[PDB]
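Engineer: Sharing a structure here in structure tokens format.
Nothing in this text is a laboratory measurement; each read-out follows from the coordinates by a stated rule. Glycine gets a Cβ as well: all are built from the backbone with ideal geometry, and neighbour counts include every protein chain shown.
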Amino acid sequence: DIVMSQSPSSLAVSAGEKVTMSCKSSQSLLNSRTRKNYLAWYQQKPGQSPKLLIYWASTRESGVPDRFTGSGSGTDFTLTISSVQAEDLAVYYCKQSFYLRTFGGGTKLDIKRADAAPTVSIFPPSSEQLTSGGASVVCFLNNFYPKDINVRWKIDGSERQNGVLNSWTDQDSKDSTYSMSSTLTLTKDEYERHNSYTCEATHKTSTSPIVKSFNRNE
Amino acid sequence: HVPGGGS
Amino acid sequence: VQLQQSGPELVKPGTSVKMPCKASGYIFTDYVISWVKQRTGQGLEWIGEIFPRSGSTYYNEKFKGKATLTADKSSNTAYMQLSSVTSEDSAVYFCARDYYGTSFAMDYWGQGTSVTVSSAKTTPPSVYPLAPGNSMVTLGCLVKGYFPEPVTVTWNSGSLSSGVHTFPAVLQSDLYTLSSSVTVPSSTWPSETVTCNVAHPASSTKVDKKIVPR
């Protein structure tokens, strides 16, 4: 019945900066078993299974780089990352194994990088889909930063607000960027009543919205 | 089989 | 060392699911297997552990009477069985090797079994090519109207890796839709063929959609 508490819940730093995060246990994790505190640190990159980083409060697991350093004793513990890399994008959990097991609720690590304008791409519906009666128009917005972005769909100049499904990638561990998908889905019937289709992106990197269009005929 | 390091 | 979990599973409310974790590269009886739950966008959550040498178990209070942890020495396989399941049990479930005796740490983890609890029916995806309407060209794949999650997307059977984004699925009224974008040199397409490969474990569907111009 031991609880684990992590803070901060979230964290952001630029590549190269140092970061520190804290984990506290409701009771002592130390023992008669040598100096040992039974506390571990785990890393989870988006889509991936967890990875053990540190055990015994301070000891590096094999194949974990030295820029990861865990510390603390009793009921107070710390993970420090010196020289944060884009690839350290992850959630970090702390875990007690002094009695049974209990995980922390995690500290999410976000990376801060330079600003980056999106590659915007527009894709009309496919022949296959149209044949079966749907009309999905997809707009990709790729490799931008910061994550704050807004999309507007225009059919023949009029903004359209339903049938729109958006999805954001987790932050990219190679270049620290984000990407986004937007799909506007209509009936084929509704799609064949108009010509010009436009996706408009509003981002910090341009004062003027980034536009891509196509014409159903042309 | 013990329930953790604290035995 | 490896821990091999079953593929993604759709199960009905009120029923059971039993998932395996097949162990290898080590002495099965010298370590404990521990099991961990993770709900969509939530933290990790420990379920319990089993010491295969003896068969003895421990449980997070939370999961007593819900989760039954078993093991098989002869085939180096640990099992977790969930009973009388509800939407609450829909999650990814990991098995992990815990170095009971010292580290008391989970040094190796399985790929995790994605379990969805719903009486909804398995629907294979409709996969659509996305061909476009400065050297670098972007193309895509639309993966629409499937259930349950997950699907696996690759491009030229994984040979094209860099410059691929697969976007998270989004749920609309019992069906999932997601998409993937791939970005190659404008020099390589369509002069060379590009195909997206969609796999939906729950229906065992594998679709290959070739991206053709126009």
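Engineer: Given the Cα atoms of segment A:1-103, and with Rh set as the inverse mean 1/r over their pairs in the Kirkwood sense, what is Rg to Rh to two decimals?
Structural biologist: Rg/Rh for segment A:1-103 comes to 0.96.
Engineer: Please rank A:68, C:94, fewest neighbouring Cβ atoms within 10 Å first, as an exposure proxy.
Structural biologist: Ascending Cβ contact count within 10 Å gives the list A:68, C:94.
Engineer: Separate question: Given the alpha-carbon gyration tensor of the protein assembly as shown, what are the semi-axes of its equivalent ellipsoid in whole angstrom, ordered largest first, with each equal to the square root of 5 times an eigenvalue?
Structural biologist: Its equivalent ellipsoid spans semi-axes of 44, 26, 18 Å.
Engineer: What is the spread of the Cα atoms of segment A:114-216 along each of their three principal axes, largest first, in whole Å?
Structural biologist: 44, 27, 19
Engineer: Could I ask something else about it? Given the options A:22, A:173, A:127, which has the most mean-square fluctuation in a GNM of chain A, springs set between C-alpha atoms less than 10 angstrom apart?
Structural biologist: Fluctuation is largest for A:127.
Engineer: Identify all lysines with a Cα-Cα distance to residue C:66 below 26 Å; exclude those on the same chain that are fewer than 8 residues away in sequence.
Structural biologist: Those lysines meeting the cut-off are A:95, C:12, C:18, C:22, C:37, C:121.
Engineer: Please compute the volume of the convex hull spanned by the alpha-carbon atoms of chain C and report it per residue in Å³.
Structural biologist: 150
Engineer: Now for a different question. Hey, could you get me the Stokes-Einstein D for chain A, Kirkwood radius over alpha-carbon pairs, 20 °C and 1.002 mPa s, rounded to whole µm² s⁻¹?
Structural biologist: D = 105 µm²/s.
Engineer: Let me ask something else. What FRET efficiency do you get for residue C:2 and residue A:166 if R0 is 41 Å and r is their Cβ-Cβ distance, rounded to the nearest 0.05?
Structural biologist: The formula returns an efficiency of 0.65 here.
Engineer: Right, next: More than 12 Å apart: what percent of Cα pairs in segment C:165-206 qualify?
Structural biologist: The share of Cα pairs beyond 12 Å in segment C:165-206 comes to 73 percent.
Engineer: If I model a spin label as a point 7 Å beyond the Cα along the Cα-Cβ vector, how far apart are those points for residue A:211 and residue C:174 in nm?
Structural biologist: 4.2
Engineer: Right, another one. Would you mind getting me the FRET efficiency between residue A:82 and residue A:34? Use the beta-carbon distance for r and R0 = 30 Å, nearest 0.05.
Structural biologist: Working from the Cβ atoms, E equals 0.65.
Engineer: Partner chain Cβ atoms within 10 Å, averaged over the residues of A:7-20 - can you pull that number for me?
Structural biologist: 0
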